[PDB]
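Structure at a glance
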Amino acid sequence: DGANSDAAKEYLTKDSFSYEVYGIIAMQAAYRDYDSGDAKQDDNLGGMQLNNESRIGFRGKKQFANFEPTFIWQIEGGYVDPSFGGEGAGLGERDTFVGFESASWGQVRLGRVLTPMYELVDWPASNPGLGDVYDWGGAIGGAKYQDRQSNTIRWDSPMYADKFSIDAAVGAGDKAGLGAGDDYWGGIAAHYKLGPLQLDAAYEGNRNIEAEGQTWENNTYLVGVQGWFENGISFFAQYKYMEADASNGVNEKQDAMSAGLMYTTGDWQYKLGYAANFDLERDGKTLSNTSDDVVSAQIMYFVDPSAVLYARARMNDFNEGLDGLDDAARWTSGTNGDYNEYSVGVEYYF
Amino acid sequence: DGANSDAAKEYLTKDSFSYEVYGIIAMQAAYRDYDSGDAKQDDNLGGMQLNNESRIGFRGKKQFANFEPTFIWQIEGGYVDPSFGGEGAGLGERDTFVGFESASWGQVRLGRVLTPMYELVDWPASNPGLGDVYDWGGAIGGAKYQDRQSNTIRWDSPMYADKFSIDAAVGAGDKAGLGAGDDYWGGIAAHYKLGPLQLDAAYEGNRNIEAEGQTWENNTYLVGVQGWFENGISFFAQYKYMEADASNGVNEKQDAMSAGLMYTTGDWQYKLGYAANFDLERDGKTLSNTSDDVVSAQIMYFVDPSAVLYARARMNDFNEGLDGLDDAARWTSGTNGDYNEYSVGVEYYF
Amino acid sequence: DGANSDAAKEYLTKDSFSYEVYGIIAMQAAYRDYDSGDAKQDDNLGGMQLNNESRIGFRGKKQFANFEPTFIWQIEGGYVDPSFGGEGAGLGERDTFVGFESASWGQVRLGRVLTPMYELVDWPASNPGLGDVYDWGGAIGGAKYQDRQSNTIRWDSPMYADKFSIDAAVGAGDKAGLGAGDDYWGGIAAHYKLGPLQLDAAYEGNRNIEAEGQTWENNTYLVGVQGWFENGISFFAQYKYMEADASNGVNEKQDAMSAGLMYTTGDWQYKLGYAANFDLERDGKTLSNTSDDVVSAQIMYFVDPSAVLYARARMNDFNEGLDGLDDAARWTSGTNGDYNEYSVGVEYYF
Ligand SMILES: CN[C@@H]1[C@@H](O)[C@@H](O[C@@H]2[C@@H](O)[C@H](O[C@H]3O[C@H](CN)CC[C@H]3N)[C@@H](N)C[C@H]2N)OC[C@]1(C)O
Ligand SMILES: CCCCCCCCOCCOCCOCCOCCO
Ligand SMILES: CCCCCCCCOCCOCCOCCOCCO
Ligand code: NA
Ligand code: NA
Ligand code: NA
Ligand code: NA
Ligand code: NA
Ligand code: NA
Ligand code: NA
Ligand code: NA
Ligand code: NA
């Protein structure tokens with residue numbers, strides 16, 4: 001089977017030992033206390049779980065004899081036993097790609113990677129534990145952006161003048177990746193280092209998204225700043241603007257923000273985070289109680305150059321629900337209800 | 001994505017080459033002869049299969065610079081192609097955990113591990129081929145015990161005075177691990193070395209088990225002995241007592257036993273095994289024909305220090321069926337009918 | 001759980017470092033242009049995808065102290081992100097076996113391997129991109145052959161007199177592997193190297209195949225020739241004859257062929273391929289328009305001893321459909337409709 005059967009194994013010279021095994025060992029013991037309005041649902045969803053986000057990966061680089069740009073590849077496994085999921089992950093569930101790099105024009109990757117917009121949403125703005133609100137939270141229809149996405153081509157520019165970089169990507173959408181749709185998206189992000197500050201801007205457009213009986217277009221915009229000061233204080237702040245248009249003329253808009261404050265001293269880092277989605281507006285009308293927010297606190301100990309220990313507490317306050325354009329409830333990260341979470345964890349890199 | 005995204009890869013110093021790849025290569029060619037009472041069911045269930053229980057694992061240890069107890073981790077894949085199943089296993093389907101160890105207080109593991117009770121049920125008492133009766137066999141409702149279980153914290157004591165050790169564990173149940181329940185369980189085992197003998201006792205309690213339209217509590221108790229004699233004879237014997245209470249007032253009790261005899265000489269080991277479940281009692285009344293038993297013989301050849309070859313033959317005689325508390329047939333390991341199995345196998349450890 | 005619990009890990013001497021990690025990094029960017037007769041279906045199925053056929057494997061050999069023939073084993077992962085599928089593959093989805101080998105009598109493998117017949121169908125006769133027609137295409141009922149198959153024992157002879165080799169195999173069927181049937185199959189292939197030519201012949205019989213409310217018997221025969229000339233010209237040609245007999249007395253026949261021409265000069269290889277399935281005959285009557293064919297062109301660049309780059313174009317013309325013996329449509333590789341495909345790709349072996 002496959003594009004060339006096992007011919008590579010029969011005719012090519014094996015490049016023995018040209019790989020690296022790597023892994024992130026990551027365990028979070030997390031107790032969730034839900035307040036959904038239903039005592040049984042709270043008992044099911046809440047309680048103590050172990051969130052095992054350990055993963056194994058393989059990666060390598062190769063200088064082909066007949067081609068100047070260096071070939072790069074990566075295959076990274078999924079989380080081996082996350083909370084709320086069964087055990088076991090396949091290889092290739094996380095960033096998994098081939099590509100080429102050259103110091104002059106940067107790096108082009110093909111495969112499964114983070115979109116330029118999602119990368120900024122994810123880090124720094126989803127940490128610590130802000131992601132239920134800022135990453136995959138929100139009430140807007142269609143697809144505000146992809147996150148980790150297969151069938152993508154992504155270009156990461158060089159760091160021009162040691163100060164300015166661009167990431168650009170296009171790819172197939174989720175249904176298109178199964179031969180079940182013709183959705184697609186394109187995106188671009190830019191970063192500018194201004195001394196102790198970094199400026200970020202990003203865009204993503206999704207097209208031909210099928211949902212709630214309509215076809216959707218989404219456009220999402222993001223601006224952010226990150227900074228670190230000499231007294232050990234650092235911060236980030238991000239503003240995010242989401243627009244969606246359905247094929248029946250319905251328009252939706254929602255915006256969001258995320259901010260974080262960190263104090264690093266010695267082997268310790270203290271962190272506070274806040275994120276909110278504001279009320280969704282549909283066809284000029286504000287939908288009441290469609291906002292979300294989360295406040296988070298974290299203390300982290302640099303127990304080793306390769307590892308951290310941390311404790312975290314957060315409070316999620318979600319929207320009360322809304323209907324999509326087909327008169328059914330629209331799923332959001334608030335569907336299961338509000339909760340608080342107390343957790344301790346370890347992360348280790350080999 | 002995740003509790004801390006890809007921050008570990010970005011900010012931590014990679015602890016290169018600090019891992020081990022290990023594996024058990026295990027293949028059993030097994031012919032089954034079923035006598036279910038339906039000739040077509042016999043043809044489907046029976047016949048020759050290959051039972052590929054090979055698996056790959058990763059593990060390592062790390063002395064963190066700022067923390068005295070040693071960090072340990074393991075990620076083990078599932079069986080790559082077992083009999084009666086499709087091919088392919090993910091990483092993390094078997095014992096997969098992080099933990100800490102210190103010579104004074106032993107070892108604590110968090111993740112997916114064997115329960116204290118199941119570890120004794122599994123070894124030595126399920127071997128060779130006694131498991132259909134003694135491990136997952138039985139007629140009792142609820143969950144008599146978990147076996148390999150995610151969302152567990154397990155403490156293994158040191159071997160005090162070269163004689164006495166304890167294993168204790170608590171964890172979330174199966175539905176709770178999907179956010180769909182609040183089942184939980186706790187267990188404890190103790191081992192006492194009296195020269196050539198070892199004494200074993202174990203307990204497990206499961207709570208809030210949802211099954212057959214009821215909520216269940218289970219309590220399971222186990223006592224056993226194992227012995228090694230230098231004329232080459234070794235043996236084990238176990239008695240197991242299981243009780244279950246449903247929320248509609250039903251009580252069930254069942255007990256079981258397992259015994260094995262071994263003669264080891266040179267590169268050879270002969271083994272006989274026997275296990276039985278006795279009649280289930282429901283509400284003080286014994287249910288007739290709800291018992292099971294199995295007799296097994298095995299010859300094992302130590303073909304290498306790292307590997308064994310073995311041949312095995314066993315006869316399973318199962319219960320004749322019983323209803324659960326929702327007036328439908330209760331699934332047991334006897335549902336598919338009686339069978340004999342003849343097999344040869346290899347196991348190899350790298 | 002398992003035939004021997006975790007006893008290997010507790011009692012056997014670990015053969016550390018007796019393993020190899022290997023991989024094929026394989027990425028194909030493929031644009032599909034469908035002409036199915038329905039514009040929506042054309043839009044869903046067609047478009048650009050990445051076909052990531054990268055996979056990771058583990059393999060090794062061990063000379064047992066007490067056994068002459070060398071022990072061999074392999075565990076190979078599946079495709080990490082193929083087109084039309086989700087991401088993630090388990091270990092063991094591809095060739096995964098244990099076995100023994102000796103220079104005198106060849107090699108026996110137990111586990112998941114290609115059948116002798118399928119190996120010739122796959123390479124050379126399905127390349128480049130002829131497989132939709134010649135590999136899993138075709139309209140005949142039952143199972144014309146297995147491809148990669150679990151529960152197999154396969155014997156590969158030595159190359160006698162440097163000229164003649166045999167592969168023979170038997171195994172359980174797909175439902176038998178789940179204990180849901182008693183299908184099985186046997187096959188044999190032979191190869192003869194006569195100067196610049198290689199001659200190939202193969203047979204496979206499948207029995208007790210359940211499909212379309214019937215039980216099927218299949219017999220498939222194959223003859224082929226491959227040639228390599230010193231001026232850089234090479235070719236292959238293969239003929240395939242398939243017969244099937246259903247348990248209600250219906251008989252079916254179909255034949256097929258595949259041919260390819262290659263010109264290799266320096267670091268370049270040009271390739272043209274053609275394959276066709278001819279009209280199916282059912283109970284002596286030809287069913288019109290049940291034939292398929294494909295024409296394909298490829299240019300391949302040997303970018304490295306370990307890697308190739310290639311570009312490829314093909315046009316698939318499929319049958320218009322047919323009913324099975326239960327009066328429902330019989331699925332074939334033409335069910336989704338005709339299409340053209342343009343692609344570029346890379347393959348790399350480490
Ligand atoms: C849980 N039963 C599994 C069965 O689902 C399958 O293994 C799946 C595997 O096929 C899935 O992968 C498959 O389905 C994915 C969506 N869930 C998309 C990718 C696809 N290859 C993995 N995500 C999980 C394994 N347990 O085959 C092995 C098994 C044990 O029988
Ligand atoms: C210290 C380990 C020695 C274990 C030896 C094996 C013991 C075999 O005992 C079997 C007893 O037979 C049980 C009959 O059923 C008992 C009914 O009472 C329990 C209620 O279910
Ligand atoms: C060394 C032998 C070289 C082989 C060349 C002979 C093969 C030529 O036969 C081609 C026959 O094709 C005729 C029609 O193909 C089948 C119908 O097409 C299906 C359209 O749906
Ligand atoms: Na719960
Ligand atoms: Na989990
Ligand atoms: Na997506
Ligand atoms: Na069978
Ligand atoms: Na199997
Ligand atoms: Na369980
Ligand atoms: Na499409
Ligand atoms: Na895919
Ligand atoms: Na098959």
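Its PDB header names X-ray crystallography as the technique used to obtain the model and reports a resolution of 2.21 Å.

In the nomenclature of the PDB entry, chain A is known as Chitoporin of Vibrio harveyi. The record for the entry shows the title "Crystal structure of Chitoporin from Vibrio harveyi in complex with gentamicin c1a". According to UniProt, the comment filed for chain A under the heading Subcellular location (unreviewed entry) is "Cell outer membrane".

In terms of helices and strands, chain A carries 4 helices and 19 strands. Over its C-alpha trace chain A gives a radius of gyration of 22 Å, about what one expects of a compact globule, namely 20 Å for 350 residues. Seen along its three principal axes, the alpha-carbon backbone of chain A occupies a region of about 65 × 55 × 45 Å.

Moving on, we get to the interface of chain A and chain B. With 60 residues of chain A in contact, the opposing surface of chain B contributes 50 residues. Taking both sides of the interface into account, the surface hidden between chain A and chain B amounts to around 4,500 Å²; carbon and sulfur atoms contribute 56%. For the chain A face of the interface with chain B, the top three residues by lost area are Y348(A), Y349(A) and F350(A), together amounting to 14%. Inspection of the region where chain A meets chain B yields 9 salt bridges. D304(A) is the partner of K62(B) in a salt bridge, and the nearest nitrogen-oxygen pair spans 3.9 Å. Remark: the boundary between chain A and chain B carries 32 residue pairs in polar contact. The greatest single-element share of the side of chain A that touches chain B, amounting to 7 residues, is contributed by strand β1 (residues 20-35) of chain A.

Listed as protein donors to the sodium ion (ligand 4) are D43(A) (O), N44(A) (O), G46(A) (O) and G181(B) (O); their distances from the metal cover 2.3 to 2.5 Å. Accessibility expressed as a relative area gives 15% for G46(A), which makes it buried.

All names here are of chain C. Surveying the vicinity of ligand 3 reveals the residues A237, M257, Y274, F278, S291, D292, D293 and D317. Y274 is positioned with one of its side-chain polar atoms (N or O) 3.4 Å from an oxygen atom of ligand 3. Take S291: an N or O atom from its main chain is 3.2 Å from an oxygen atom of ligand 3.

Around ligand 1, the surrounding shell consists of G88(B), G86(C), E87(C) and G88(C). Surrounding ligand 1 are residues belonging to chains B and C, so the site spans chains. Protein burial of ligand 1: of its 600 Å² of free accessible surface, 28% is covered by the chains. Of the residues belonging to the shell around ligand 1, the class tally is no nonpolar, 3 polar and 1 charged.

Here the structure, examined in full by the defined rule, presents 53 aromatic pairs over all chains. Relative to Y19(B), the ring of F350(A) has its centre 5.6 Å away and its plane inclined at 35°; by these criteria the two rings are tilted. Note that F350(A) is positioned in the segment after β19 (338-349) and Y19(B) in the loop between α1 (7-11) and β1 (20-35), a pairing that runs across two chains. Over the face of the ring belonging to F97(A) we find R109(A), whose NZ or CZ atom lies 5.0 Å from the ring centre. The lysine or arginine in question, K240(C), covers the ring of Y134(C), its NZ or CZ lying 3.7 Å from the ring centre.

Least-squares fitting of chain A to chain B yields an RMSD of 0.3 Å, with the transformation described by 0.1 Å of translation along the axis and a rotation of 120°. Taken together, these values place the two copies in the relation of a three-fold axis. Using C-alpha coordinates, one finds that chain A approaches the rotation axis most closely at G90(A), a distance of 2.9 Å. Of all interface residues in chain A, a mere 3% are interface residues in chain B too; the two copies therefore contact each other through different surfaces.

Turning our eyes to something else, we now look at the coordination of the sodium ion (ligand 8). All names here are of chain B. Around the sodium ion (ligand 8), the protein contributes the donor atoms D81 (OD), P82 (O) and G85 (O), at 2.2 to 2.5 Å from the metal centre. Each donor residue of the sodium ion (ligand 8) lies on one chain, and together they are spaced D-P-x2-G. Classification of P82 as partly exposed rests on a relative accessible area of 21%.

Note the cis peptide between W123(A) and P124(A), where omega equals 10°. Non-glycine residue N151(B) carries a positive phi angle of around 65°. One can find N151(B) in strand β7 (residues 148-156). Overall, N151(B) belongs to the buried group, its relative accessible area being 12%.

The next subject is the environment of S102(B). Position of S102(B) among the secondary structure elements: in strand β5 (residues 96-102). Not counting residues within four places of it along the chain, the set of residues in contact with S102(B) comprises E68(B) and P69(B).

Below, the discussion takes up the relation of the copies chain B and chain C. Laying chain B over chain C is done by rotating through 120° and shifting 0.0 Å along the axis; what remains is an RMSD of 0.2 Å. Taken together, the interface assignments show that only 2% of the residues at the interface of chain B recur at the interface of chain C, consistent with different surfaces on the two copies.

Moving on, we get to the nonpolar core. One finds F58(A), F58(B) and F58(C) to be the most contacted residues of the largest nonpolar core, which totals 63 residues. Once residues within four sequence positions are removed from consideration, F58(A) is found in contact with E20(A), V21(A), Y22(A), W73(A), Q74(A), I75(A), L91(A), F58(B), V21(C), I56(C) and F58(C).

Moving on, we get to the side chain of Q107(C). One can find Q107(C) in strand β6 (residues 106-114). Reaching out from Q107(C), the side chain makes a polar contact with the side chain of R109(C) at a distance of 2.8 Å.

Next up on the list: the pairing of β5(B). Residues and elements named next belong to chain B. Along β5, 7 of the 7 residues are buried, which leaves the element largely enclosed by surrounding structure. Covered by surrounding structure in β5 are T96, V98, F100 and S102 together with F97, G99 and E101, the residues of both alternating faces. Bridging between strand β4 (residues 70-76) and β5 involves 5 bridges; their strand directions are antiparallel. Each bridged residue has a counterpart across the sheet, and for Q74 the counterpart in β5 is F97. The hairpin turn running from β5 into strand β6 (residues 106-114), its antiparallel successor, is 3 residues long.

Bringing the pattern of salt bridges into the picture now. Per the stated rule, a full pass over the model turns up 81 salt bridges over all chains. When salt bridges that share partners are traced, they join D1(A), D6(A), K9(A), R55(C), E76(C), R94(C), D95(C) and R148(C) into one network.

Moving residue by residue along a regular strand, the side chains alternate between the two faces of the sheet. Residue and element names in this part refer to chain B. In terms of strand pairing, strand β13 (residues 251-265) meets strand β14 (residues 268-277) through 10 bridges, oriented antiparallel. Bridge pairing in β14 links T264 to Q269. Between the end of β13 and the start of β14, which pair antiparallel, lie 2 residues, with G266 showing a positive phi angle near 65°. As paired strands, β14 and strand β17 (residues 292-304) are joined by 10 bridges and run antiparallel to one another. Along β17, the bridge assignment pairs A276 with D293.

Turning our eyes to something else, we now look at the interface of chain B and chain C. With 59 residues of chain B in contact, the opposing surface of chain C contributes 49 residues. When the buried surface of chain B facing chain C is broken down by residue, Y348(B), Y349(B) and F350(B) rank first, second and third, together holding 14% of it. At the junction of chain B and chain C, the tally comes to 8 salt bridges. As a salt-bridge pair, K14(C) and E20(B) come within 3.0 Å of each other at their nearest N and O atoms. Along the contact surface separating chain B from chain C lie 30 residue pairs in polar contact. Counting residues per element, the side of chain B that touches chain C draws most heavily on β1(B), at 7 residues.

Another point: the environment of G345(B). Residues and elements named next belong to chain B. Structurally, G345 is set in strand β19 (residues 338-349). Assessed through its relative accessible area of 10%, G345 is described here as buried. Here the alpha-carbon distance between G345 and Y160, two residues 185 residues apart in the chain, equals 37 Å. Not counting chain neighbours up to four residues away, the residues in contact with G345 comprise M27, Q28, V308, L309 and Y310.

Parameters at a glance
Residues numbered from 1 in each chain as written, not as in the entry; some residues may be left out. Chains lettered and ligands numbered in written order. Heavy atoms only, no water. Residues with missing side-chain atoms left out of burial classes, pairs and counts. UniProt positions renumbered as here; feature names shortened; annotations may be inferred. Helix = DSSP H or I, 4+ residues; strand = E, 2+ residues; numbered from the N terminus. Rg over C-alpha atoms; globule rule 2.2 N^0.38 Å. Contact = heavy atoms within 4.5 Å. Buried area = accessible area lost by both parts, 1.4 Å probe. Salt bridge = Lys/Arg side-chain N within 4 Å of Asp/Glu carboxyl O. Polar contact = N/O pair within 3.5 Å; in protein donor to acceptor, adjacent residues only side chain to side chain. Donors = N, O, S within 2.8 Å, 3.2 Å for Na, K, Ca; no water. Buried < 20%, exposed > 50% of the residue type's maximum accessible area, 1.4 Å probe, protein only. Near = heavy atom within 4 Å. Areas by Shrake-Rupley, 256 points an atom, 1.4 Å probe, with all protein chains shown as cover. Nonpolar A, V, L, I, M, F, W, Y, C, P; charged D, E, K, R; others polar. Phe/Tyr/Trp six-rings, centres within 6.5 Å; stacked < 30°, edge-to-face > 60°. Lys NZ or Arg CZ within 6 Å of the ring centre and 35° of its normal. Least-squares fit on C-alpha atoms. Core = buried A, V, L, I, M, F, W, Y, C linked by side-chain atoms within 4.5 Å. Pairing = 2+ DSSP bridges.

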